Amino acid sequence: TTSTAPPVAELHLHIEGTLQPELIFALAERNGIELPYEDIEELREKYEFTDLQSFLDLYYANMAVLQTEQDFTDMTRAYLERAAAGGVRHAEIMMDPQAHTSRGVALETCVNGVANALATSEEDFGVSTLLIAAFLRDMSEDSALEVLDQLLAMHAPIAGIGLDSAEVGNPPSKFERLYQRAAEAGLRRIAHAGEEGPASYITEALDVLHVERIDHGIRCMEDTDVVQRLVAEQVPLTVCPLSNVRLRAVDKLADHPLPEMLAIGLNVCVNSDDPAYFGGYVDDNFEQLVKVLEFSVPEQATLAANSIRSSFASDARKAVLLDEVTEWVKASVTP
């Protein structure tokens, strides 16, 4: 038996969702920004969410303290540091370029800020990293295409493209052009689907957008033969247990489909999504899965190895990490 988390890769994580209330107040201070909260207690008080939207509102509001390159670097390093301590061996990190350019902050600023933290991640924290630019699905495709163009032109260190923000009423198909652009640019593809959006949206992301893994995807359980294709094709599903609970997509953690999804062969893995908003990082997600859903060591290991096989890391990086989960299991079961 073990109480430690396994060596994993986090494939579903928003860097802006990594922003802890302490850092928010610190960056506000450094930028001489007045916050709409008397104290940091009044802030934490605002973390009871009702749906995806109520969360996004805070999520976007908090980004206001991110002004300088240093701000982005600091935020990224604070996550890489905490992620490492929690067992994260490889991190594929999302970022919402538009959520900053819409505030007058240059692409140069937000991209450089993060990248500079990432370019040194293996050395400083022992974490392999990929940068994924995610696009706000509730803004136009045309503006997403223009931002993509600028990322390309400036040679931004992005490995792939993502799709998030308010899902319902904003189908994957809306960004077909965008993803055709990305693919011909050699960019890898992921997209949020099946969080609050229907199983239909998953098929759309797979067929119209040609994504390489589905983010969330829990609503796939509503359609037998969508579930069927997922299983058949081993499409990676980046599940976020605590996220789904705190956003009310799932009532209680005890009600989460993850166990069933694993049992039926869906290629699922565990992610913290927006760690500073849902009260826990990946290792916290694991802890709760064990504590509440009685996940075994071998089960946890399976989840870990999925996350590695599903990553866009080198086969070499996967191999050594895979061997690591094998060691963890052997060290972690009762004699």
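The first residue of the shown sequence is 1; numbering continues from there.
Averaged over CA atoms, B-factors in the entry run higher in 149 to 157 than in the other of 187 to 195 and 149 to 157. According to the PDB record, 176 to 184 carries the higher mean C-alpha B-factor of the two stretches 99 to 107 and 176 to 184. If you compare the C-alpha temperature factors of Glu69, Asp274, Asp283, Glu42 in the entry, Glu42 comes out highest. By the numbers in the PDB entry, the CA B factor is greatest at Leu322 among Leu322, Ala9, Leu13, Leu19. Among the modelled residues of its chain, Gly279 has a C-alpha B-factor that falls in the lowest third, as given in the PDB entry. Ranked by C-alpha B-factor against the other modelled residues of its chain, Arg229 falls in the middle third. Residue-level temperature factors show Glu123 in the highest third of its chain, judged at the C-alpha atom. The PDB entry assigns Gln53 a C-alpha temperature factor belonging to the middle third of its chain's modelled residues.
Annotation for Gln300: C-alpha temperature factor in the lowest third relative to the rest of the modelled chain, per the entry.
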